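Listing of model01.pdb; format and content: PDB, C-alpha atoms.
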ATOM      1  CA  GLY A   1      80.705 118.696 110.146  1.00  0.00           C
ATOM      2  CA  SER A   2      79.665 116.007 112.616  1.00  0.00           C
ATOM      3  CA  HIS A   3      82.651 114.173 114.093  1.00  0.00           C
ATOM      4  CA  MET A   4      86.259 113.226 113.345  1.00  0.00           C
ATOM      5  CA  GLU A   5      85.422 110.064 111.405  1.00  0.00           C
ATOM      6  CA  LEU A   6      88.105 110.373 108.724  1.00  0.00           C
ATOM      7  CA  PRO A   7      90.808 107.790 107.845  1.00  0.00           C
ATOM      8  CA  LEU A   8      94.320 108.152 109.266  1.00  0.00           C
ATOM      9  CA  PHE A   9      96.219 105.252 107.696  1.00  0.00           C
ATOM     10  CA  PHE A  10      95.642 103.576 104.328  1.00  0.00           C
ATOM     11  CA  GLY A  11      97.093 100.402 102.843  1.00  0.00           C
ATOM     12  CA  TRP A  12      96.476  97.107 101.061  1.00  0.00           C
ATOM     13  CA  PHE A  13      96.814  93.642 102.595  1.00  0.00           C
ATOM     14  CA  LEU A  14      98.766  91.309 100.308  1.00  0.00           C
ATOM     15  CA  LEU A  15      97.143  87.941  99.592  1.00  0.00           C
ATOM     16  CA  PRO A  16      98.378  85.037 101.793  1.00  0.00           C
ATOM     17  CA  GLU A  17      99.608  83.434  98.567  1.00  0.00           C
ATOM     18  CA  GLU A  18     101.786  86.366  97.499  1.00  0.00           C
ATOM     19  CA  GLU A  19     103.383  86.724 100.937  1.00  0.00           C
ATOM     20  CA  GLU A  20     104.428  83.081 100.638  1.00  0.00           C
ATOM     21  CA  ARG A  21     106.114  83.624  97.275  1.00  0.00           C
ATOM     22  CA  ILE A  22     107.556  87.023  98.196  1.00  0.00           C
ATOM     23  CA  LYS A  23     108.913  85.716 101.501  1.00  0.00           C
ATOM     24  CA  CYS A  24     110.602  82.813  99.715  1.00  0.00           C
ATOM     25  CA  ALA A  25     112.343  85.310  97.435  1.00  0.00           C
ATOM     26  CA  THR A  26     113.453  87.582 100.275  1.00  0.00           C
ATOM     27  CA  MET A  27     114.964  84.673 102.205  1.00  0.00           C
ATOM     28  CA  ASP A  28     116.843  83.394  99.154  1.00  0.00           C
ATOM     29  CA  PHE A  29     118.199  86.913  98.656  1.00  0.00           C
ATOM     30  CA  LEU A  30     119.649  87.258 102.160  1.00  0.00           C
ATOM     31  CA  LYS A  31     121.365  83.907 101.607  1.00  0.00           C
ATOM     32  CA  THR A  32     122.863  84.891  98.254  1.00  0.00           C
ATOM     33  CA  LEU A  33     123.698  88.376  99.529  1.00  0.00           C
ATOM     34  CA  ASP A  34     125.738  86.919 102.390  1.00  0.00           C
ATOM     35  CA  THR A  35     127.552  84.487 100.097  1.00  0.00           C
ATOM     36  CA  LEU A  36     128.519  87.389  97.835  1.00  0.00           C
ATOM     37  CA  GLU A  37     131.946  88.863  98.580  1.00  0.00           C
ATOM     38  CA  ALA A  38     130.689  92.340  97.678  1.00  0.00           C
ATOM     39  CA  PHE A  39     128.381  92.371 100.701  1.00  0.00           C
ATOM     40  CA  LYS A  40     130.700  90.516 103.082  1.00  0.00           C
ATOM     41  CA  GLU A  41     133.373  93.049 102.123  1.00  0.00           C
ATOM     42  CA  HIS A  42     131.171  95.887 103.375  1.00  0.00           C
ATOM     43  CA  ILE A  43     129.714  93.874 106.267  1.00  0.00           C
ATOM     44  CA  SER A  44     131.819  95.946 108.664  1.00  0.00           C
ATOM     45  CA  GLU A  45     129.992  99.079 107.516  1.00  0.00           C
ATOM     46  CA  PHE A  46     126.600  97.359 107.605  1.00  0.00           C
ATOM     47  CA  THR A  47     127.040  95.701 111.005  1.00  0.00           C
ATOM     48  CA  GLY A  48     129.291  98.517 112.199  1.00  0.00           C
ATOM     49  CA  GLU A  49     131.681  95.831 113.446  1.00  0.00           C
ATOM     50  CA  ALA A  50     129.784  95.181 116.679  1.00  0.00           C
ATOM     51  CA  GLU A  51     127.591  92.079 116.870  1.00  0.00           C
ATOM     52  CA  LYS A  52     129.028  88.551 117.103  1.00  0.00           C
ATOM     53  CA  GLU A  53     128.505  86.423 113.988  1.00  0.00           C
ATOM     54  CA  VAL A  54     126.507  88.462 111.460  1.00  0.00           C
ATOM     55  CA  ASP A  55     123.383  87.296 113.299  1.00  0.00           C
ATOM     56  CA  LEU A  56     121.710  90.601 112.391  1.00  0.00           C
ATOM     57  CA  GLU A  57     120.384  88.825 109.297  1.00  0.00           C
ATOM     58  CA  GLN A  58     118.541  86.321 111.486  1.00  0.00           C
ATOM     59  CA  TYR A  59     117.797  88.802 114.279  1.00  0.00           C
ATOM     60  CA  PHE A  60     115.250  90.602 112.090  1.00  0.00           C
ATOM     61  CA  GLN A  61     111.713  89.288 112.578  1.00  0.00           C
ATOM     62  CA  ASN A  62     109.347  88.680 109.662  1.00  0.00           C
ATOM     63  CA  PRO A  63     105.586  88.753 110.470  1.00  0.00           C
ATOM     64  CA  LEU A  64     103.199  86.376 108.705  1.00  0.00           C
ATOM     65  CA  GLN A  65     100.264  88.569 107.671  1.00  0.00           C
ATOM     66  CA  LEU A  66     102.394  91.302 106.106  1.00  0.00           C
ATOM     67  CA  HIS A  67     100.759  94.576 105.067  1.00  0.00           C
ATOM     68  CA  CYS A  68     101.740  97.352 102.656  1.00  0.00           C
ATOM     69  CA  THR A  69     101.285 101.078 103.279  1.00  0.00           C
ATOM     70  CA  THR A  70      99.708 103.415 100.724  1.00  0.00           C
ATOM     71  CA  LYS A  71      98.784 106.940 101.831  1.00  0.00           C
ATOM     72  CA  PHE A  72      98.859 108.649 105.227  1.00  0.00           C
ATOM     73  CA  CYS A  73      95.896 110.969 105.808  1.00  0.00           C
ATOM     74  CA  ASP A  74      97.857 112.739 108.547  1.00  0.00           C
ATOM     75  CA  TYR A  75      95.415 115.643 108.873  1.00  0.00           C
ATOM     76  CA  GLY A  76      95.618 118.677 106.596  1.00  0.00           C
ATOM     77  CA  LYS A  77      99.273 119.184 105.666  1.00  0.00           C
ATOM     78  CA  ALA A  78      98.678 116.536 102.998  1.00  0.00           C
ATOM     79  CA  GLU A  79      96.075 118.127 100.725  1.00  0.00           C
ATOM     80  CA  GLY A  80      96.724 115.451  98.111  1.00  0.00           C
ATOM     81  CA  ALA A  81      95.692 112.238  99.849  1.00  0.00           C
ATOM     82  CA  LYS A  82      93.242 114.433 101.763  1.00  0.00           C
ATOM     83  CA  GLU A  83      91.116 114.858  98.644  1.00  0.00           C
ATOM     84  CA  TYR A  84      91.669 111.175  97.896  1.00  0.00           C
ATOM     85  CA  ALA A  85      90.355 110.139 101.309  1.00  0.00           C
ATOM     86  CA  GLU A  86      87.342 112.332 100.543  1.00  0.00           C
ATOM     87  CA  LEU A  87      86.641 110.284  97.409  1.00  0.00           C
ATOM     88  CA  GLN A  88      83.894 107.694  97.836  1.00  0.00           C
ATOM     89  CA  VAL A  89      85.431 105.913  94.841  1.00  0.00           C
ATOM     90  CA  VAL A  90      88.585 105.047  96.788  1.00  0.00           C
ATOM     91  CA  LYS A  91      86.525 104.200  99.872  1.00  0.00           C
ATOM     92  CA  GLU A  92      84.713 101.481  97.929  1.00  0.00           C
ATOM     93  CA  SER A  93      87.982 100.384  96.314  1.00  0.00           C
ATOM     94  CA  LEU A  94      88.778  98.716  99.660  1.00  0.00           C
ATOM     95  CA  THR A  95      86.962  95.396  98.922  1.00  0.00           C
ATOM     96  CA  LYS A  96      88.721  95.474  95.540  1.00  0.00           C
ATOM     97  CA  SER A  97      91.978  93.672  94.820  1.00  0.00           C
ATOM     98  CA  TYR A  98      94.763  94.830  92.514  1.00  0.00           C
ATOM     99  CA  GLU A  99      98.028  93.162  91.515  1.00  0.00           C
ATOM    100  CA  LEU A 100     101.091  95.030  92.774  1.00  0.00           C
ATOM    101  CA  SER A 101     104.440  94.664  91.007  1.00  0.00           C
ATOM    102  CA  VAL A 102     107.666  94.532  93.023  1.00  0.00           C
ATOM    103  CA  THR A 103     110.510  96.576  91.536  1.00  0.00           C
ATOM    104  CA  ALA A 104     113.273  96.210  94.136  1.00  0.00           C
ATOM    105  CA  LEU A 105     113.947  95.226  97.749  1.00  0.00           C
ATOM    106  CA  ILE A 106     115.687  97.306 100.421  1.00  0.00           C
ATOM    107  CA  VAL A 107     117.669  96.134 103.447  1.00  0.00           C
ATOM    108  CA  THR A 108     118.362  98.471 106.367  1.00  0.00           C
ATOM    109  CA  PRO A 109     120.183  97.579 109.633  1.00  0.00           C
ATOM    110  CA  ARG A 110     117.252  99.183 111.450  1.00  0.00           C
ATOM    111  CA  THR A 111     114.418  97.665 109.414  1.00  0.00           C
ATOM    112  CA  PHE A 112     113.683  95.704 106.243  1.00  0.00           C
ATOM    113  CA  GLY A 113     111.294  96.637 103.449  1.00  0.00           C
ATOM    114  CA  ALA A 114     110.377  95.955  99.830  1.00  0.00           C
ATOM    115  CA  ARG A 115     109.828  98.424  96.988  1.00  0.00           C
ATOM    116  CA  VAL A 116     106.434  98.020  95.319  1.00  0.00           C
ATOM    117  CA  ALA A 117     105.363  99.759  92.112  1.00  0.00           C
ATOM    118  CA  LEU A 118     101.653  99.559  91.297  1.00  0.00           C
ATOM    119  CA  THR A 119     100.237  99.945  87.785  1.00  0.00           C
ATOM    120  CA  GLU A 120      98.997 102.981  85.860  1.00  0.00           C
ATOM    121  CA  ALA A 121      95.558 102.391  87.378  1.00  0.00           C
ATOM    122  CA  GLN A 122      96.730 102.821  90.966  1.00  0.00           C
ATOM    123  CA  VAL A 123      98.883 105.754  89.855  1.00  0.00           C
ATOM    124  CA  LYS A 124      96.042 107.641  88.165  1.00  0.00           C
ATOM    125  CA  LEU A 125      93.971 107.164  91.323  1.00  0.00           C
ATOM    126  CA  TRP A 126      96.865 108.387  93.483  1.00  0.00           C
ATOM    127  CA  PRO A 127      96.675 111.848  95.163  1.00  0.00           C
ATOM    128  CA  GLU A 128      99.005 114.597  93.946  1.00  0.00           C
ATOM    129  CA  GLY A 129      99.971 115.922  97.364  1.00  0.00           C
ATOM    130  CA  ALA A 130     101.357 112.583  98.673  1.00  0.00           C
ATOM    131  CA  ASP A 131     103.302 112.425  95.401  1.00  0.00           C
ATOM    132  CA  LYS A 132     105.687 114.903  97.058  1.00  0.00           C
ATOM    133  CA  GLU A 133     107.388 111.748  98.375  1.00  0.00           C
ATOM    134  CA  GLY A 134     110.860 111.058  96.977  1.00  0.00           C
ATOM    135  CA  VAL A 135     109.357 108.628  94.507  1.00  0.00           C
ATOM    136  CA  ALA A 136     105.655 108.404  93.675  1.00  0.00           C
ATOM    137  CA  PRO A 137     103.823 106.116  91.189  1.00  0.00           C
ATOM    138  CA  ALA A 138     102.952 109.318  89.318  1.00  0.00           C
ATOM    139  CA  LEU A 139     106.658 110.175  89.107  1.00  0.00           C
ATOM    140  CA  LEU A 140     107.152 107.218  86.731  1.00  0.00           C
ATOM    141  CA  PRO A 141     108.743 109.487  84.061  1.00  0.00           C
ATOM    142  CA  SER A 142     111.179 110.607  86.758  1.00  0.00           C
ATOM    143  CA  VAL A 143     111.607 107.018  87.968  1.00  0.00           C
ATOM    144  CA  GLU A 144     113.658 106.345  84.836  1.00  0.00           C
ATOM    145  CA  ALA A 145     116.521 108.249  86.489  1.00  0.00           C
ATOM    146  CA  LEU A 146     115.580 107.548  90.114  1.00  0.00           C
ATOM    147  CA  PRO A 147     114.560 104.145  91.594  1.00  0.00           C
ATOM    148  CA  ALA A 148     110.892 103.438  92.301  1.00  0.00           C
ATOM    149  CA  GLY A 149     108.705 101.615  94.801  1.00  0.00           C
ATOM    150  CA  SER A 150     109.282 103.900  97.787  1.00  0.00           C
ATOM    151  CA  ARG A 151     105.809 105.451  97.896  1.00  0.00           C
ATOM    152  CA  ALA A 152     104.407 101.945  98.369  1.00  0.00           C
ATOM    153  CA  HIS A 153     106.503  99.406 100.270  1.00  0.00           C
ATOM    154  CA  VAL A 154     105.770  96.243 102.248  1.00  0.00           C
ATOM    155  CA  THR A 155     106.960  95.618 105.807  1.00  0.00           C
ATOM    156  CA  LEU A 156     109.317  92.648 106.129  1.00  0.00           C
ATOM    157  CA  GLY A 157     111.751  93.337 108.953  1.00  0.00           C
ATOM    158  CA  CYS A 158     111.575  95.524 112.051  1.00  0.00           C
ATOM    159  CA  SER A 159     113.878  96.168 115.010  1.00  0.00           C
ATOM    160  CA  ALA A 160     112.892  96.010 118.680  1.00  0.00           C
ATOM    161  CA  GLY A 161     112.065  99.623 119.477  1.00  0.00           C
ATOM    162  CA  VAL A 162     111.715 101.289 116.083  1.00  0.00           C
ATOM    163  CA  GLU A 163     108.415 102.009 114.332  1.00  0.00           C
ATOM    164  CA  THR A 164     107.394 100.569 110.961  1.00  0.00           C
ATOM    165  CA  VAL A 165     106.639 104.081 109.704  1.00  0.00           C
ATOM    166  CA  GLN A 166     110.376 104.799 109.737  1.00  0.00           C
ATOM    167  CA  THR A 167     110.821 102.017 107.178  1.00  0.00           C
ATOM    168  CA  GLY A 168     108.986 104.030 104.540  1.00  0.00           C
ATOM    169  CA  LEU A 169     110.961 107.225 105.108  1.00  0.00           C
ATOM    170  CA  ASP A 170     114.186 105.285 104.559  1.00  0.00           C
ATOM    171  CA  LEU A 171     112.961 103.828 101.263  1.00  0.00           C
ATOM    172  CA  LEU A 172     112.000 107.228  99.842  1.00  0.00           C
ATOM    173  CA  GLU A 173     115.467 108.552 100.707  1.00  0.00           C
ATOM    174  CA  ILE A 174     117.264 105.501  99.290  1.00  0.00           C
ATOM    175  CA  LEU A 175     115.871 106.056  95.795  1.00  0.00           C
ATOM    176  CA  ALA A 176     116.460 109.809  95.953  1.00  0.00           C
ATOM    177  CA  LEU A 177     120.029 109.035  97.023  1.00  0.00           C
ATOM    178  CA  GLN A 178     120.956 107.023  93.920  1.00  0.00           C
ATOM    179  CA  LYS A 179     119.476 109.678  91.637  1.00  0.00           C
ATOM    180  CA  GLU A 180     121.238 112.293  93.771  1.00  0.00           C
ATOM    181  CA  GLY A 181     124.498 111.289  92.105  1.00  0.00           C
ATOM    182  CA  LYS A 182     125.888 109.291  95.018  1.00  0.00           C
ATOM    183  CA  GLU A 183     125.429 105.688  93.911  1.00  0.00           C
ATOM    184  CA  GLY A 184     128.452 104.464  95.803  1.00  0.00           C
ATOM    185  CA  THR A 185     128.455 100.707  95.391  1.00  0.00           C
ATOM    186  CA  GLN A 186     126.962  99.254  92.212  1.00  0.00           C
ATOM    187  CA  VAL A 187     126.783  95.673  90.942  1.00  0.00           C
ATOM    188  CA  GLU A 188     124.996  94.117  87.966  1.00  0.00           C
ATOM    189  CA  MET A 189     123.659  90.584  88.406  1.00  0.00           C
ATOM    190  CA  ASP A 190     121.863  88.137  86.116  1.00  0.00           C
ATOM    191  CA  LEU A 191     118.523  88.882  87.786  1.00  0.00           C
ATOM    192  CA  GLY A 192     119.160  92.475  88.829  1.00  0.00           C
ATOM    193  CA  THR A 193     121.559  95.126  90.106  1.00  0.00           C
ATOM    194  CA  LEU A 194     122.327  95.986  93.734  1.00  0.00           C
ATOM    195  CA  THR A 195     123.267  99.510  94.823  1.00  0.00           C
ATOM    196  CA  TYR A 196     124.170 100.824  98.281  1.00  0.00           C
ATOM    197  CA  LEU A 197     124.329 104.436  99.475  1.00  0.00           C
ATOM    198  CA  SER A 198     127.600 105.881 100.810  1.00  0.00           C
ATOM    199  CA  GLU A 199     126.464 105.532 104.472  1.00  0.00           C
ATOM    200  CA  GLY A 200     124.639 102.257 103.942  1.00  0.00           C
ATOM    201  CA  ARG A 201     121.220 101.053 102.819  1.00  0.00           C
ATOM    202  CA  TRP A 202     121.466  98.092 100.441  1.00  0.00           C
ATOM    203  CA  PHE A 203     118.794  97.399  97.822  1.00  0.00           C
ATOM    204  CA  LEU A 204     118.598  94.962  94.908  1.00  0.00           C
ATOM    205  CA  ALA A 205     116.762  95.951  91.727  1.00  0.00           C
ATOM    206  CA  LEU A 206     114.691  92.944  90.679  1.00  0.00           C
ATOM    207  CA  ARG A 207     115.114  93.316  86.916  1.00  0.00           C
ATOM    208  CA  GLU A 208     112.100  90.995  86.706  1.00  0.00           C
ATOM    209  CA  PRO A 209     109.053  92.633  88.391  1.00  0.00           C
ATOM    210  CA  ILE A 210     106.963  90.481  90.724  1.00  0.00           C
ATOM    211  CA  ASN A 211     103.193  90.857  90.591  1.00  0.00           C
ATOM    212  CA  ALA A 212     100.935  90.037  93.543  1.00  0.00           C
ATOM    213  CA  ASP A 213      97.185  90.411  94.092  1.00  0.00           C
ATOM    214  CA  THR A 214      96.273  92.600  97.068  1.00  0.00           C
ATOM    215  CA  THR A 215      93.144  94.137  98.605  1.00  0.00           C
ATOM    216  CA  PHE A 216      92.660  97.773  99.630  1.00  0.00           C
ATOM    217  CA  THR A 217      92.243  98.243 103.383  1.00  0.00           C
ATOM    218  CA  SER A 218      91.513 101.366 105.428  1.00  0.00           C
ATOM    219  CA  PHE A 219      91.825 102.266 109.105  1.00  0.00           C
ATOM    220  CA  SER A 220      90.052 105.158 110.800  1.00  0.00           C
ATOM    221  CA  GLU A 221      91.431 105.612 114.315  1.00  0.00           C
ATOM    222  CA  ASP A 222      93.928 107.594 116.390  1.00  0.00           C
TER     223      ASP A 222
END
Could you spell out this file's structure in structure tokens?
Amino acid sequence: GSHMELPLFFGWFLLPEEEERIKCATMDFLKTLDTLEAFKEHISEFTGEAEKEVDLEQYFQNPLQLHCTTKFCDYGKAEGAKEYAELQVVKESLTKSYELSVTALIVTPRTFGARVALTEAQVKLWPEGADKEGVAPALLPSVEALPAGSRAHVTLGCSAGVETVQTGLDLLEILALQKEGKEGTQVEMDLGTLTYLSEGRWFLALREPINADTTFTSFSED
């Protein structure tokens, strides 16, 4: 070789327009979620009964220029994305812009994130190794039984001390949890259904997908 000039983190930056629409939806959700008795009834479990006035909803900070993760090069353990990163086709795909569809949104006391499910195009161009994740775009057939949008999620909320990377891990587990047979709390709404895992983690399934144009970005640094 020559030098360690390979990518470490991959992702697509959502268009300033989409973030505006998506943000408006997220905010409206938190408002409706709080008004709902179902949530307020389990608020003790969500807030652990130790805050002040359910300010945790406002405590979370939402950054303007939000970004969405895609594949983590890591190093070698991930042969999948590894081959992908070594594909000039994907490297050039960066200047490109594809519309991502939002399947559901997740809300964690530690961090907040949204479930995004790309199209067949992004899936076909997705590495097999990374697919190992709880839910991958390629696992669509499996998605029918288990939620989707974990492999690719957008950062919305983050605590003071925790890393954004942890947000993704939670999402992957959330979907796998429902399919795991747990599915503790379940509620069907006019726009979607909200399910929460036995310990916690609350996510609403946006029955009506939300598309948003985004560009592919890459970062090569340690």
Practice problem: For residue 71 (chain A), please output as a list in words all residues within 9 Å (counting only C-alpha atoms; exclusion window: fewer than 4 positions along the same chain). | Solution: residues 8, 9, 10, 11, 81, 126, 127, 130, 151 and 152 of chain A
Quiz item: By how many Å are CA of residue 52 (chain A) and CA of residue 196 (chain A) apart?
Solution: 23.0 Å
Quiz item: Between CA of residue 62 (chain A) and CA of residue 26 (chain A), what is the spacing in Å?
Solution: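 Separation between CA of residue 26 (chain A) and CA of residue 62 (chain A): 10.3 Å.
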Exercise. Run through the PyMOL selection byres ((chain A and resi 104) around 9) on the given coordinates and return the selected residues as a ChimeraX atom specification.
Key: /A:102-103,105-106,114-117,147-149,192,203-207,209
Exercise. Apply the PyMOL selection byres ((chain A and resi 195) around 10) to the displayed file and report the matching residues as a list in words.
Key: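 Selection result, ordered by chain and number: residues 106, 174, 175, 178, 183, 184, 185, 186, 187, 188, 193, 194, 196, 197, 198, 200, 201, 202, 203, 204 and 205 of chain A.
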Quiz prompt | Pick from A:2, A:211, A:218, A:111 nearest to residue 61 (chain A), counting only C-alpha atoms | solution =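 Comparing A:2, A:211, A:218, A:111 against residue 61 (chain A), the winner is A:111.
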Quiz item: Quick one, how far is CA of residue 14 (chain A) from CA of residue 123 (chain A)?
Solution: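 Computing it gives 17.8 Å between the two atoms.
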Practice problem: Rank A:36, A:6, A:138, A:66 by their smallest atom-to-atom distance to residue 157 (chain A), using all atoms listed in the file, and report the top residue only. | Solution: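 Looking at the shortest contact to residue 157 (chain A), the residue is A:66.
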Identify, on the basis of only C-alpha atoms, every residue whose closest approach to region 56-60 of chain A does not exceed 9 Å; exclude the query and any residue fewer than 2 positions from it along the same chain; express the result as an mmCIF file with C-alpha atoms, keeping the file's coordinate frame.
data_model
loop_
_atom_site.group_PDB
_atom_site.id
_atom_site.type_symbol
_atom_site.label_atom_id
_atom_site.label_comp_id
_atom_site.auth_asym_id
_atom_site.auth_seq_id
_atom_site.Cartn_x
_atom_site.Cartn_y
_atom_site.Cartn_z
ATOM 1 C CA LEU A 30 119.649 87.258 102.160
ATOM 2 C CA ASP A 34 125.738 86.919 102.390
ATOM 3 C CA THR A 47 127.040 95.701 111.005
ATOM 4 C CA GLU A 51 127.591 92.079 116.870
ATOM 5 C CA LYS A 52 129.028 88.551 117.103
ATOM 6 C CA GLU A 53 128.505 86.423 113.988
ATOM 7 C CA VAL A 54 126.507 88.462 111.460
ATOM 8 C CA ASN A 62 109.347 88.680 109.662
ATOM 9 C CA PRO A 109 120.183 97.579 109.633
ATOM 10 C CA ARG A 110 117.252 99.183 111.450
ATOM 11 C CA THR A 111 114.418 97.665 109.414
ATOM 12 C CA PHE A 112 113.683 95.704 106.243
ATOM 13 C CA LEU A 156 109.317 92.648 106.129
ATOM 14 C CA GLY A 157 111.751 93.337 108.953
ATOM 15 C CA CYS A 158 111.575 95.524 112.051
ATOM 16 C CA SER A 159 113.878 96.168 115.010
ATOM 17 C CA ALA A 160 112.892 96.010 118.680
#
Self-check item: Among the residues A:168, A:1, A:16, A:161, the one that comes closest to residue 64 (chain A) [using only C-alpha atoms]
Solution: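 Closest candidate: A:16.
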Quiz prompt | Option closest in space to residue 171 (chain A), from A:190, A:144, A:133, A:18 [counting only C-alpha atoms] | solution =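 Checking each candidate against residue 171 (chain A), we get A:133 as the closest.
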Atoms are missing here; could region 193-209 of chain A be completed with N, CA and C atoms and written as a CSV table (one decimal), in the coordinates of the input?
chain,number,residue,atom,x,y,z
A,193,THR,N,120.4,94.4,89.6
A,193,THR,CA,121.6,95.1,90.1
A,193,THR,C,121.4,95.6,91.5
A,194,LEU,N,122.4,95.5,92.3
A,194,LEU,CA,122.3,96.0,93.7
A,194,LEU,C,123.2,97.2,94.0
A,195,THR,N,122.6,98.3,94.5
A,195,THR,CA,123.3,99.5,94.8
A,195,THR,C,123.1,99.9,96.3
A,196,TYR,N,124.2,100.4,96.9
A,196,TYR,CA,124.2,100.8,98.3
A,196,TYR,C,124.7,102.3,98.4
A,197,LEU,N,124.0,103.0,99.3
A,197,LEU,CA,124.3,104.4,99.5
A,197,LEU,C,125.6,104.6,100.3
A,198,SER,N,126.3,105.7,100.1
A,198,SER,CA,127.6,105.9,100.8
A,198,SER,C,127.6,105.5,102.3
A,199,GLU,N,126.5,105.9,103.1
A,199,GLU,CA,126.5,105.5,104.5
A,199,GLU,C,126.1,104.1,104.6
A,200,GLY,N,125.1,103.6,103.9
A,200,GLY,CA,124.6,102.3,103.9
A,200,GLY,C,123.5,102.0,103.0
A,201,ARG,N,122.4,101.4,103.6
A,201,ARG,CA,121.2,101.1,102.8
A,201,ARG,C,121.6,100.3,101.6
A,202,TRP,N,121.2,99.0,101.6
A,202,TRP,CA,121.5,98.1,100.4
A,202,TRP,C,120.2,97.6,99.8
A,203,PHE,N,120.0,97.8,98.5
A,203,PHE,CA,118.8,97.4,97.8
A,203,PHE,C,119.1,96.7,96.5
A,204,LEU,N,118.4,95.7,96.2
A,204,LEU,CA,118.6,95.0,94.9
A,204,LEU,C,117.4,95.2,93.9
A,205,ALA,N,117.8,95.7,92.7
A,205,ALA,CA,116.8,96.0,91.7
A,205,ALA,C,116.4,94.7,91.0
A,206,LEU,N,115.2,94.1,91.3
A,206,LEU,CA,114.7,92.9,90.7
A,206,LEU,C,114.3,93.2,89.2
A,207,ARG,N,115.3,93.1,88.3
A,207,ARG,CA,115.1,93.3,86.9
A,207,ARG,C,113.8,92.7,86.4
A,208,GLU,N,113.4,91.6,87.1
A,208,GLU,CA,112.1,91.0,86.7
A,208,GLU,C,111.0,91.3,87.7
A,209,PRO,N,110.1,92.3,87.5
A,209,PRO,CA,109.1,92.6,88.4
A,209,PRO,C,108.3,91.4,88.9
